[PDB]
Amino acid sequence: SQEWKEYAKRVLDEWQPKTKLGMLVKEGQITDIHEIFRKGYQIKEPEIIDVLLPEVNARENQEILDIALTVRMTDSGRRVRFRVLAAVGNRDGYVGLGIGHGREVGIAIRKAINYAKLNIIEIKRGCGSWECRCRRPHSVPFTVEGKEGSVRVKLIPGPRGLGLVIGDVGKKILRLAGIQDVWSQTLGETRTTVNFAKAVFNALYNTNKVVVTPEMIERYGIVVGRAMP
Amino acid sequence: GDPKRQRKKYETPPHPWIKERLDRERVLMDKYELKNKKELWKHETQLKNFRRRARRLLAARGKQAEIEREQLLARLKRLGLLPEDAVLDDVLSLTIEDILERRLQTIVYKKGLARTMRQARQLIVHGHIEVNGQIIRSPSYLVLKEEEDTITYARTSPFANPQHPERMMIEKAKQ
Amino acid sequence: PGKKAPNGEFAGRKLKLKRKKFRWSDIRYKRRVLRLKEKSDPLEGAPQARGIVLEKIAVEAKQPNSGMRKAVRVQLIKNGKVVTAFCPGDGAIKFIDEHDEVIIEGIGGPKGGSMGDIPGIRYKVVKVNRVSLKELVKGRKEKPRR
Amino acid sequence: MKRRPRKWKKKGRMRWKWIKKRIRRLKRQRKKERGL
Amino acid sequence: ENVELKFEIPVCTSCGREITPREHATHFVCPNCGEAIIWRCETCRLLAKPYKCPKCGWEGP
Amino acid sequence: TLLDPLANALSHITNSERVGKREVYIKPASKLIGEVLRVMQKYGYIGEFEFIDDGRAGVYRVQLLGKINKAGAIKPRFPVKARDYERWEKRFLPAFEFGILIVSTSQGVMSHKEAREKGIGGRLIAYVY
RNA sequence: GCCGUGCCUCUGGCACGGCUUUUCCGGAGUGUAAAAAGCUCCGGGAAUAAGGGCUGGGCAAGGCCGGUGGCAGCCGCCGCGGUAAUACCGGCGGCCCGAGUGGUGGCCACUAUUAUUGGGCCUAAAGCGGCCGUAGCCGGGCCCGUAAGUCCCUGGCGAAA
RNA sequence: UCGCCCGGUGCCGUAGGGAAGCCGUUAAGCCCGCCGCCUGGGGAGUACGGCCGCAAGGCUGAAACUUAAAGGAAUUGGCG
Ligand SMILES: [Mg+2]
Ligand SMILES: [Mg+2]
Ligand SMILES: [Mg+2]
Ligand SMILES: [Mg+2]
Ligand SMILES: [Mg+2]
Ligand SMILES: [Mg+2]
Ligand SMILES: [Zn+2]
Ligand SMILES: [Zn+2]
Ligand SMILES: [Zn+2]
């Protein structure tokens, strides 16, 4: 697991930090991904993530969900623009989704991948199904739902071995976060992939708004972030 | 109403042209040298029925549901697919390449009785192997555990003589 | 609007009645229970039929298109009706002659209707003189009875 | 007459106050001219 | 991965509801005491709910 | 008009605790309401409660702890057999033991987890989780 | 059909050597009311045995060559063709299933487009112009009875397939 | 003239809801009830039948066929 540990050392030297969090990460005060989140900081440099979660840019922890091209009219023609939708994440507990625009497909992908890192979140995994009652981080620990635009999404826990039975794009997002088994129920128009993608993202975020007692944890297996890499 | 119809014992895919699945099945067919696809979906179904049984005896409780629970372990390990210490929750982490390892073809090849995998098919179909003092001529037969050691060449086969010109090319690989 | 009308415990009769009442605002159900397809259908619930051709015709295609599609008039045998049927293939019309018997299938469009730019036609020819048409179009077989 | 406000919308049609007046004249002719 | 309580999650000092990863919360040392850290969730900051230090009794915004 | 004094209470509770309140007043106070508060307490959802008399049916003061996600009434009050609970637990609750389902059994009011230990049934009145 | 060694476009085709006999032809038993199939044995021989639909997007697979010129034709839907066609018609490559593979009609899922689980009614389909009331559905707090609804235990039943 | 409680009538606005315009204790929010209506656009509020009115007219109300969109809320321009 080393090829992405010399990347961290190379970036951590020629990077001049400009915000407070960058100063902290460079001075060795902050040294783990799990302690930049629940504090109300702000993340404006993408190099806070290339140093603390280096394998986020591994080309198999990246994904391009869709590419569109859109237009605005003028008395001298049609001014064209792109729209890429990208997601990144290590397949342990951390995911991000961003969009990014440009005049060419290459610049747009770069901005998509860049903004995906700054909009990152951590989630909870477990096993809450009636059929499989193991205690292993392979699914969603309970029913959660999220929404965006006109799309409503619900995710339900499923037993170990069943695939990810959700739509065509939900698999990428749910698989970059570390899940492997789920069920699903959808309303609204699922053919606008931006709103469908943002609904699944919102559900995975809502995973951590449900109040739970300390006894439920050693019944569903709830882990937050990495679970023994 | 209507009387009984005989039904198919396999299932086709929901969509026929998914790329990431044609790519996954094109490998299992060259590694075990199965004849067509309907020969592959039959084993997937043999596994999915076990899985769907363990999901119901896992939520259920009662007197006879108990009896149905420990008949699934008993056979499922009489068939060599589980060990002698396994609890019910180990039915859910079984794989397709565990059932494809129990065909008579793959076993008569993994015991050194054939030089390759497409030759074991011919040895089974032309009637040279024997399973427990009994010629069997069907390569898809799942071998049990109490008899995966009593497998040889037929007593009346040309291969049952360590001077045959074709048997001498077989042991020439075992070192 | 309020909650929903008969959500009581002893209100089963009214709930069933509301459902049976509004199921008739459908079109796939009303058309299946009153059997409206039969009583107006020249083929009478068959997958195929047979007729005897009266004349050969040509139709004009739709608006964003150009060209003439060749067809025939068939006079059915079980009814006596007269329908209009389409001859699929490159050069097929040179194998259909008047006083011939032809077999007729649907043309496979939306809801059972017509397809593509031939808008009013809803049947197509499959067999001529007990000899398939697909063969005749591509050599491979010869046409009996002249 | 049980009319529906989708037809007062005038986009690709003529006015409905004037289609009503023309349906009424035919419902009359079918009545007098041997509507018995 | 060396789970000896690898971390814990902070909770709001007024309602006791733990804090989600990206919300507009805050924390600061207790005024008038200097000995306790005080958390406020976004929804207890938005509608100004009182808090009180768990050590002395000083109350409210 | 008024048709259900128990539904009003449970919706009041879940509306109040969602905006951050720490006390509520359940105005028309049956003893079914009190009996359901008793079992919402033993499982740790509310604090302590008292009955105040006001000359007209009395009131209930209850302190909240911010420990519930949702509470409501199962209205049509279906009956259940003593071996058919999971069919309803899969409809109202979010995982295989997440929260309680309150049942009006022939020996009082109790959660379905204590009805399955005696093996009895009854009418479902509410659910909390 | 299989195995070994070489050559080449390397997933496959060839040249040399060897092997087997499920299937195929003759023959002897057993089988059968009599036959026939089947089954156990002999003697020959790689010898007797691959189609159908697809190849622009949905949807796996070609930006290769010759024809036709808004004409022939294709098209479930969107859509191709006007003398420079990856979309029609032929050649040669390739893809999916395979003793099958395509075409037309019917029912279920798709469809939360019949909604008890579980939909809508300001502007998209849709709140009666307004109000009074008969049947029916829904109905405030406590105390004492009954045991019809409801729940648990137990006898007789709900044919075989 | 100032402050408070109850009932009507207006505006700016949190949480929340909505495809948005926008609604927001006088809900288009979260609940417990009852009744009336809706099911792609046309054909058509038509034909045939019934009941009311002195007439003009009101109320109830289909199908053969035909079509791939018809509708809504907001953007950039071009234009008056
Ligand atoms: Mg071609
Ligand atoms: Mg493709
Ligand atoms: Mg609808
Ligand atoms: Mg309207
Ligand atoms: Mg009462
Ligand atoms: Mg029976
Ligand atoms: Zn599990
Ligand atoms: Zn708080
Ligand atoms: Zn203090």
# chains A, B, ... in the order shown; residues from 1 in each chain; ligands from 1
>>> residues_near_ligand(ligand="ligand 5", cutoff="12 Å", atoms="only C-alpha atoms (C1' of nucleotides) and all ligand atoms", output="NGL selection string")
(:F and (2-6 or 28-33)) or (:G and (139-142))
>>> interface_residues(of="chain F", to="chain A", cutoff="7 Å", atoms="only C-alpha atoms", output="list in words")
residues 67, 69, 94, 95 and 96 of chain F
>>> interface_residues(of="chain E", to="chain A", cutoff="7 Å", atoms="only C-alpha atoms", output="list in words")
residues 1, 19, 20, 21, 22, 23, 24, 25 and 26 of chain E
>>> residues_near_ligand(ligand="ligand 4", cutoff="12 Å", atoms="only C-alpha atoms (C1' of nucleotides) and all ligand atoms", output="list in words")
residues 3, 4, 5, 6, 7, 8 and 9 of chain D; 121, 122, 123, 124, 125, 126 and 127 of chain G; 38, 71 and 72 of chain H
>>> write_last_selection(atoms="N, CA and C atoms (P, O5', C5', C4', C3', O3' and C1' of nucleotides)", output="PDB file, in the first residue's frame")
ATOM      1  N   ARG D   3     -68.648  22.504 -20.314  1.00  0.00           N
ATOM      2  CA  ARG D   3     -67.453  22.845 -21.065  1.00  0.00           C
ATOM      3  C   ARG D   3     -66.219  22.845 -20.172  1.00  0.00           C
ATOM      4  N   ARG D   4     -65.056  22.834 -20.819  1.00  0.00           N
ATOM      5  CA  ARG D   4     -63.788  22.556 -20.159  1.00  0.00           C
ATOM      6  C   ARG D   4     -62.803  23.677 -20.456  1.00  0.00           C
ATOM      7  N   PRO D   5     -62.214  24.310 -19.441  1.00  0.00           N
ATOM      8  CA  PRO D   5     -61.496  25.565 -19.666  1.00  0.00           C
ATOM      9  C   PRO D   5     -60.205  25.421 -20.432  1.00  0.00           C
ATOM     10  N   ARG D   6     -59.889  24.235 -20.917  1.00  0.00           N
ATOM     11  CA  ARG D   6     -58.708  24.039 -21.731  1.00  0.00           C
ATOM     12  C   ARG D   6     -58.885  24.587 -23.126  1.00  0.00           C
ATOM     13  N   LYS D   7     -60.117  24.848 -23.538  1.00  0.00           N
ATOM     14  CA  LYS D   7     -60.434  25.213 -24.904  1.00  0.00           C
ATOM     15  C   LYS D   7     -60.587  26.703 -25.095  1.00  0.00           C
ATOM     16  N   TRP D   8     -60.614  27.474 -24.023  1.00  0.00           N
ATOM     17  CA  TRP D   8     -60.582  28.920 -24.121  1.00  0.00           C
ATOM     18  C   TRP D   8     -59.177  29.441 -24.342  1.00  0.00           C
ATOM     19  N   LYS D   9     -58.224  28.587 -24.731  1.00  0.00           N
ATOM     20  CA  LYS D   9     -56.812  28.955 -24.716  1.00  0.00           C
ATOM     21  C   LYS D   9     -56.271  29.448 -26.044  1.00  0.00           C
TER      22      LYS D   9
ATOM     23  P     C G 121     -52.148  17.661  -6.283  1.00  0.00           P
ATOM     24  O5'   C G 121     -53.591  18.185  -6.646  1.00  0.00           O
ATOM     25  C5'   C G 121     -53.865  18.685  -7.942  1.00  0.00           C
ATOM     26  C4'   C G 121     -55.331  18.983  -8.125  1.00  0.00           C
ATOM     27  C3'   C G 121     -55.978  19.861  -7.074  1.00  0.00           C
ATOM     28  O3'   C G 121     -55.791  21.240  -7.347  1.00  0.00           O
ATOM     29  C1'   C G 121     -57.366  17.996  -7.586  1.00  0.00           C
ATOM     30  P     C G 122     -54.863  22.166  -6.429  1.00  0.00           P
ATOM     31  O5'   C G 122     -54.956  23.593  -7.111  1.00  0.00           O
ATOM     32  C5'   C G 122     -56.096  24.422  -6.990  1.00  0.00           C
ATOM     33  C4'   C G 122     -55.783  25.827  -7.434  1.00  0.00           C
ATOM     34  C3'   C G 122     -55.053  25.949  -8.756  1.00  0.00           C
ATOM     35  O3'   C G 122     -55.934  25.964  -9.867  1.00  0.00           O
ATOM     36  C1'   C G 122     -53.946  27.244  -7.115  1.00  0.00           C
ATOM     37  P     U G 123     -55.536  25.240 -11.233  1.00  0.00           P
ATOM     38  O5'   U G 123     -54.355  26.123 -11.793  1.00  0.00           O
ATOM     39  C5'   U G 123     -54.601  27.288 -12.553  1.00  0.00           C
ATOM     40  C4'   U G 123     -53.314  27.865 -13.076  1.00  0.00           C
ATOM     41  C3'   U G 123     -52.544  26.979 -14.035  1.00  0.00           C
ATOM     42  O3'   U G 123     -52.961  27.161 -15.372  1.00  0.00           O
ATOM     43  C1'   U G 123     -51.092  27.830 -12.359  1.00  0.00           C
ATOM     44  P     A G 124     -53.460  25.941 -16.274  1.00  0.00           P
ATOM     45  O5'   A G 124     -52.406  24.785 -16.028  1.00  0.00           O
ATOM     46  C5'   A G 124     -52.836  23.469 -15.739  1.00  0.00           C
ATOM     47  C4'   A G 124     -52.026  22.424 -16.460  1.00  0.00           C
ATOM     48  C3'   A G 124     -52.669  21.053 -16.532  1.00  0.00           C
ATOM     49  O3'   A G 124     -53.549  20.956 -17.637  1.00  0.00           O
ATOM     50  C1'   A G 124     -50.344  20.884 -15.995  1.00  0.00           C
ATOM     51  P     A G 125     -55.134  21.031 -17.452  1.00  0.00           P
ATOM     52  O5'   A G 125     -55.582  19.523 -17.594  1.00  0.00           O
ATOM     53  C5'   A G 125     -56.808  19.163 -18.206  1.00  0.00           C
ATOM     54  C4'   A G 125     -57.368  17.913 -17.585  1.00  0.00           C
ATOM     55  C3'   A G 125     -57.835  18.051 -16.150  1.00  0.00           C
ATOM     56  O3'   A G 125     -59.191  18.439 -16.075  1.00  0.00           O
ATOM     57  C1'   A G 125     -56.464  16.137 -16.383  1.00  0.00           C
ATOM     58  P     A G 126     -59.647  19.951 -15.846  1.00  0.00           P
ATOM     59  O5'   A G 126     -60.688  19.832 -14.661  1.00  0.00           O
ATOM     60  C5'   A G 126     -61.477  18.664 -14.496  1.00  0.00           C
ATOM     61  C4'   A G 126     -61.283  18.006 -13.145  1.00  0.00           C
ATOM     62  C3'   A G 126     -61.218  18.913 -11.935  1.00  0.00           C
ATOM     63  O3'   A G 126     -62.508  19.219 -11.451  1.00  0.00           O
ATOM     64  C1'   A G 126     -59.517  17.283 -11.829  1.00  0.00           C
ATOM     65  P     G G 127     -63.036  20.721 -11.368  1.00  0.00           P
ATOM     66  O5'   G G 127     -62.485  21.245  -9.982  1.00  0.00           O
ATOM     67  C5'   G G 127     -62.605  20.469  -8.804  1.00  0.00           C
ATOM     68  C4'   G G 127     -63.661  21.014  -7.883  1.00  0.00           C
ATOM     69  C3'   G G 127     -63.441  22.431  -7.389  1.00  0.00           C
ATOM     70  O3'   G G 127     -64.707  23.011  -7.068  1.00  0.00           O
ATOM     71  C1'   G G 127     -63.388  20.963  -5.566  1.00  0.00           C
TER      72        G G 127
ATOM     73  P     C H  38     -64.659  12.810 -13.280  1.00  0.00           P
ATOM     74  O5'   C H  38     -63.104  13.023 -13.080  1.00  0.00           O
ATOM     75  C5'   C H  38     -62.382  13.964 -13.849  1.00  0.00           C
ATOM     76  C4'   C H  38     -60.891  13.726 -13.783  1.00  0.00           C
ATOM     77  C3'   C H  38     -60.369  12.458 -14.411  1.00  0.00           C
ATOM     78  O3'   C H  38     -60.307  12.542 -15.817  1.00  0.00           O
ATOM     79  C1'   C H  38     -59.272  12.845 -12.362  1.00  0.00           C
ATOM     80  P     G H  71     -50.163  22.708 -26.705  1.00  0.00           P
ATOM     81  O5'   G H  71     -50.839  22.359 -25.322  1.00  0.00           O
ATOM     82  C5'   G H  71     -50.607  23.179 -24.205  1.00  0.00           C
ATOM     83  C4'   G H  71     -50.881  22.482 -22.903  1.00  0.00           C
ATOM     84  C3'   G H  71     -50.129  23.044 -21.732  1.00  0.00           C
ATOM     85  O3'   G H  71     -50.647  24.265 -21.278  1.00  0.00           O
ATOM     86  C1'   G H  71     -49.952  20.740 -21.670  1.00  0.00           C
ATOM     87  P     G H  72     -49.717  25.548 -21.335  1.00  0.00           P
ATOM     88  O5'   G H  72     -49.032  25.541 -19.912  1.00  0.00           O
ATOM     89  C5'   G H  72     -49.798  25.271 -18.757  1.00  0.00           C
ATOM     90  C4'   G H  72     -48.943  24.843 -17.603  1.00  0.00           C
ATOM     91  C3'   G H  72     -47.861  25.795 -17.184  1.00  0.00           C
ATOM     92  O3'   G H  72     -48.353  26.898 -16.452  1.00  0.00           O
ATOM     93  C1'   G H  72     -47.030  23.594 -17.193  1.00  0.00           C
TER      94        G H  72
END
>>> residues_near_ligand(ligand="ligand 9", cutoff="9 Å", atoms="only C-alpha atoms (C1' of nucleotides) and all ligand atoms", output="list in words")
residues 29, 30, 31, 32, 33, 34, 35, 36, 37, 38, 52, 53, 54, 55, 56, 57, 58 and 59 of chain E
>>> write_last_selection(atoms="N, CA and C atoms", output="tab-separated table (two decimals), in the first residue's frame")
chain	number	residue	atom	x	y	z
E	29	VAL	N	-13.99	27.90	24.44
E	29	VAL	CA	-13.79	27.66	25.85
E	29	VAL	C	-14.80	28.48	26.65
E	30	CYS	N	-15.24	27.92	27.76
E	30	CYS	CA	-16.28	28.54	28.56
E	30	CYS	C	-15.89	29.94	29.00
E	31	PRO	N	-16.66	30.97	28.66
E	31	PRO	CA	-16.41	32.29	29.24
E	31	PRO	C	-16.70	32.23	30.73
E	32	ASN	N	-16.00	33.07	31.49
E	32	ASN	CA	-16.14	33.19	32.93
E	32	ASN	C	-15.51	32.03	33.70
E	33	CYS	N	-15.14	30.93	33.03
E	33	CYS	CA	-14.47	29.82	33.71
E	33	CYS	C	-13.13	29.49	33.07
E	34	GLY	N	-13.11	29.15	31.79
E	34	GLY	CA	-11.91	28.72	31.12
E	34	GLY	C	-11.59	27.24	31.20
E	35	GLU	N	-12.49	26.42	31.75
E	35	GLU	CA	-12.18	25.02	31.99
E	35	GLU	C	-12.96	24.02	31.14
E	36	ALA	N	-14.03	24.42	30.47
E	36	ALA	CA	-14.82	23.49	29.68
E	36	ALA	C	-14.94	23.98	28.25
E	37	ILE	N	-15.01	23.04	27.31
E	37	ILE	CA	-15.26	23.35	25.91
E	37	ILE	C	-16.75	23.19	25.67
E	38	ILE	N	-17.33	24.11	24.89
E	38	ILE	CA	-18.77	24.21	24.71
E	38	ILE	C	-19.08	24.07	23.22
E	52	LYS	N	-25.49	26.07	29.39
E	52	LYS	CA	-24.85	26.38	30.65
E	52	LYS	C	-23.63	25.49	30.85
E	53	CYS	N	-22.56	26.09	31.35
E	53	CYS	CA	-21.31	25.37	31.51
E	53	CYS	C	-21.47	24.25	32.53
E	54	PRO	N	-20.95	23.06	32.25
E	54	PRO	CA	-21.11	21.94	33.18
E	54	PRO	C	-20.31	22.08	34.46
E	55	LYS	N	-19.48	23.11	34.60
E	55	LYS	CA	-18.64	23.28	35.77
E	55	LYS	C	-19.12	24.40	36.67
E	56	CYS	N	-19.15	25.63	36.18
E	56	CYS	CA	-19.82	26.71	36.89
E	56	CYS	C	-21.27	26.76	36.42
E	57	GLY	N	-21.99	27.82	36.74
E	57	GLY	CA	-23.38	27.84	36.35
E	57	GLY	C	-23.73	28.89	35.31
E	58	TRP	N	-22.71	29.54	34.76
E	58	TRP	CA	-22.96	30.65	33.86
E	58	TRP	C	-23.79	30.18	32.68
E	59	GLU	N	-24.81	30.95	32.33
E	59	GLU	CA	-25.85	30.51	31.42
E	59	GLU	C	-25.97	31.41	30.20
>>> residues_near_ligand(ligand="ligand 3", cutoff="9 Å", atoms="only C-alpha atoms (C1' of nucleotides) and all ligand atoms", output="list in words")
residues 112, 113, 119 and 120 of chain G; 39 of chain H
>>> write_last_selection(atoms="C-alpha atoms (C1' of nucleotides)", output="PDB file, in the first residue's frame")
ATOM      1  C1'   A G 112     -46.985   4.437  -7.557  1.00  0.00           C
ATOM      2  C1'   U G 113     -50.695   4.515 -15.565  1.00  0.00           C
ATOM      3  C1'   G G 119     -51.209   8.398  -6.551  1.00  0.00           C
ATOM      4  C1'   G G 120     -53.536  13.155  -7.633  1.00  0.00           C
TER       5        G G 120
ATOM      6  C1'   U H  39     -56.600   8.859 -15.625  1.00  0.00           C
TER       7        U H  39
END
>>> residues_near_ligand(ligand="ligand 6", cutoff="12 Å", atoms="only C-alpha atoms (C1' of nucleotides) and all ligand atoms", output="PyMOL selection string")
chain G and resi 158-161
